[PDB]
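A short worksheet on the structure shown next.
FYI, side chains are in, hydrogens and waters are out, and symmetry mates aren't considered; it's all heavy atoms of this structure. Note that the numbering runs from 1 along the sequence shown for the chain. One-based numbering, in listed order, for ligands and for the atoms of each.
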Amino acid sequence: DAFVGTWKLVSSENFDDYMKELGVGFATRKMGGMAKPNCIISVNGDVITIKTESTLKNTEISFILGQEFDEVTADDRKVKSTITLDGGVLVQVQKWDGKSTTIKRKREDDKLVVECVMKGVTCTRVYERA
Ligand SMILES: O=C(O)c1cc(Oc2ccccc2)c(OCC(F)(F)F)nc1C(F)(F)F
């Protein structure tokens, strides 16, 4: 929809702190930090697919809005994820071991803005069309 497309990471703030707050170890944070992924968002019927592709790591999720699904994250957490659309924002929550983190995806001007929150840490990542 407004989200559909092939997006390239152009800026990131506080991603290392965000991964640290999630408990990600040094090697995986290193890989993640200097990744510059593409994010490819598509929709077919009820099903949204978000692929995140980079030289050292790829992930993919497919989901129906409002329906919980299992996910293995890029940092290898096994989580229960639910994604909803709220005022134009795709809101993802991941739940595991009594914790949660939120990842909000929104469209702003030419940007796909990704805000990731874990406890007191807020990370902002910005994608632009490829
Ligand atoms: O889409 C993102 O840019 C993104 C990318 C992530 O990791 C990568 C890095 C390279 C390739 C594919 C995935 C990631 O990992 C979970 C983490 F951060 F906990 F490790 N989380 C996110 C986000 F939080 F924002 F959704």
Q | Closest approach of any protein heavy atom to atom 5 (C) of ligand 1, naming residue and atom | A | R125 NH2, 4.0 Å
Q.
Show the atoms of ligand 1 that are less than 4.0 angstrom away from any heavy atom in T52.
A. 12 (C), 13 (C)
Q: Below 4.0 angstrom from a heavy atom of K57, which ligand 1 atoms are there? Numbered from 1 as shown, please.
A: 11 (C), 12 (C)
Q.
Is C116 close enough to touch ligand 1? Criterion: a residue heavy atom under 4.0 Å from a ligand atom.
A. yes
Q: Find all atoms of ligand 1 within a distance of less than 4.0 Å from any non-hydrogen atom belonging to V114, and give their numbers and elements.
A: 25 (F)
Q) Is there a side-chain contact between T49 and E60, using heavy atoms and a 4.5 Å cut-off? A) yes
Q.
Less than 4.0 Å is my threshold; does some heavy atom of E53 fall inside it relative to ligand 1?
A. no
Q. Under the 3.5 angstrom rule, does the side chain of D109 hit a backbone N or O of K111 as a donor-acceptor pair?
A. no
Q) Which of the atoms of ligand 1 are close to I103, meaning less than 4.0 Å from one of its heavy atoms? A) 24 (F), 26 (F)
Q: Can you pull out the closest protein heavy atom to atom 20 (F) of ligand 1? Residue, atom name and distance to 0.1 Å, please.
A: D75 OD1, 3.3 Å
Q: Give yes if a backbone or side-chain nitrogen or oxygen of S54 is under 3.5 Å from a nitrogen or oxygen of ligand 1, and no if not.
A: no
Q: Please check if atom NZ in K119 has more than 12 non-hydrogen atoms from other residues, nucleotides or ligands closer than 6.0 Å.
A: no
Q: Identify, by atom number and element, the atoms of ligand 1 in contact range of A74, meaning under 4.0 Å from any of its heavy atoms.
A: 7 (O), 8 (C), 13 (C), 15 (O)
Q: Mark the output for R105 as yes if a heavy-atom distance to ligand 1 is under 4.0 Å, and as no if none is.
A: yes
Q: Indicate whether any N or O donor in one side chain lies under 3.5 Å from an N or O acceptor in the other, for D75 and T73.
A: yes
Q) Looking at residues at least two apart in the chain, or sitting in another chain, which of them share a side-chain hydrogen bond (donor to acceptor under 3.5 Å, both in side chains) with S54? A) none
Q) Do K20 side-chain atoms and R29 backbone N/O form a donor-acceptor pair below 3.5 Å? A) no
Q: Tell me yes or no: between the side chains of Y127 and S11, is some donor less than 3.5 Å from an acceptor?
A: no
**Q.** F69 side chain reached by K80 side chain, heavy atoms, under 4.5 Å
**A.** no
Q) Between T73 and ligand 1, which residue portion shows a heavy-atom distance shorter than 4.0 Å: side chain, backbone, both, or neither? A) neither
Q: Give the atoms of ligand 1, by number and element, whose distance to some non-hydrogen atom of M19 is under 4.0 Å.
A: 18 (F), 20 (F)
Q) Of the protein's non-hydrogen atoms, which lies at the shortest distance from atom 14 (C) of ligand 1, and what is that distance? A) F15 CZ, 3.9 Å
Q. Considering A35, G23, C123, which one's heavy-atom position lies nearest to atom 9 (C) of ligand 1?
A. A35
(Q) If the cut-off is 4.0 Å to any non-hydrogen atom of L22, which atoms of ligand 1 fall inside it? (A) 19 (F)
Q | Exam field: side chain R105 to backbone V114, donor-acceptor pair closer than 3.5 Å | A | no
(Q) Test of understanding: given a 4.0 Å heavy-atom threshold, classify the contact between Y127 and ligand 1 as side chain, backbone, both, or neither. (A) side chain
Q | CD-CG distance between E53 and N38, expressed to the nearest 0.5 angstrom | A | 6.5 Å
Q) Is any side-chain heavy atom of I48 less than 4.5 Å from a side-chain heavy atom of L65? A) yes
